[PDB]
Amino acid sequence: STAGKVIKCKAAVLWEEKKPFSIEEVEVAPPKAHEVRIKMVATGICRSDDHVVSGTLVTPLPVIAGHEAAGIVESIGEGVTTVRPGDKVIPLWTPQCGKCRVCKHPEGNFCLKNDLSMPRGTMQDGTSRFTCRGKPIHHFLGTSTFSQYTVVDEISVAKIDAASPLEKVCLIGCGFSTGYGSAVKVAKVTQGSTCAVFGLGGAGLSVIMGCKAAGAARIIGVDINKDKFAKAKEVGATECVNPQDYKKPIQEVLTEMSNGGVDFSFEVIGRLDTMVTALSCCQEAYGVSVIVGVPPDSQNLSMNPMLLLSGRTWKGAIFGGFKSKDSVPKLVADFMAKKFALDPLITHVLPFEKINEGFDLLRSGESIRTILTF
């Protein structure tokens, strides 16, 4: 009843930066060869989507943002083998074409066929499957999840568990996996180690969950906001430290506490000042500090190279270093296996109509993860 035809649905359209979203009547052109048109069931609200509004993350406007979401596959274009309609799936904003240097590398995940480095806000072919009143509307990271219907290439889609609670597994599209992966895939936390996590947002609680999956025995959560200590502890942190409690710098107190600097340090804030500090507090002779995320408008951080000479690794990553297509199904299955839980992060669920409302929550103040439902 929809397959093969242009669907007219509602979606949050950003006509211009620094403007609220407009729930628009949009047309979602059918999917061509290797495209898959999905039915959004749930999409989360993430800082990255908010960056677009501000201009910080420059990508073509007008646009339908959204990249953390899970839904049901309605139609599949030609050659689509990885999915069949009815499939619970999660759009992947970091692809896995399985053919470039990066996908072929046993480590890298940042697929070359991504639309992050040099945003086009289009599908692979250079075109757009969106139009509002005849006017073409841009795609975001080849996903555009703030729409009741979306069309993503086959490389930007992943089949997940049919029993997946879509109001909760959507987190695995960005937030959870970006954190969890930093600990379990990038930094590669080890049984016994002592981790320190800067920032206790949702991405933070995910890193803490990763460290726990890894076996870290000590997970020190650090945040200038005391109110973030409960979740974190409840989520896994064995102790939290509010930097404004001391008279000395935190890395000093993280070293004293750790007796020589932590094994792995994670920064899930985005400050440049804290970025250096997170490095400065891991073991000088073998500490690994991971920058989980950086503001896309960031500038030059001032840092003394001595920090690295000691033998300190500094790593960055996109999407918790997971190889999206390969990984997402497995992250899901695990959640489905009753390992990690995603609830403590979902602090709000709002009907998709309340999108602009979900953002204010994000923007000003704490709302770990707001899940917008369709």
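Sequential numbering from 1, following the sequence displayed.
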Practice prompt. Select between 259-267 and 161-169 the stretch whose C-alpha atoms have the higher average B-factor in the entry.
Written response: 161-169
Practice prompt. Select between 211-219 and 88-96 the stretch whose C-alpha atoms have the higher average B-factor in the entry.
Written response: 211-219
Fill in: Given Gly71, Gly199, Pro136, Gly121, the residue at which the Cα B factor reaches its maximum
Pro136
Practice prompt. Report the option among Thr150, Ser156, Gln283, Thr190 whose CA atom has the maximum B-factor in the deposited record.
Written response: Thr190
Worksheet item: Which third of the chain does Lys330 land in by C-alpha B-factor: lowest, middle or highest?
Response: highest
Practice prompt. Classify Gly55 as lowest, middle or highest third according to the C-alpha B-factor given in the PDB entry, relative to its own chain.
Written response: highest
Practice prompt. Select lowest, middle or highest to describe the third in which the CA B-factor of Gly77 falls within its chain in this entry.
Written response: middle
Worksheet item: So where's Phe229 on the chain's Cα temperature factor ranking, which third?
Response: highest
Worksheet item: Hey, what third does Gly175 fall into on Cα B-factor, ranked over its chain?
Response: lowest
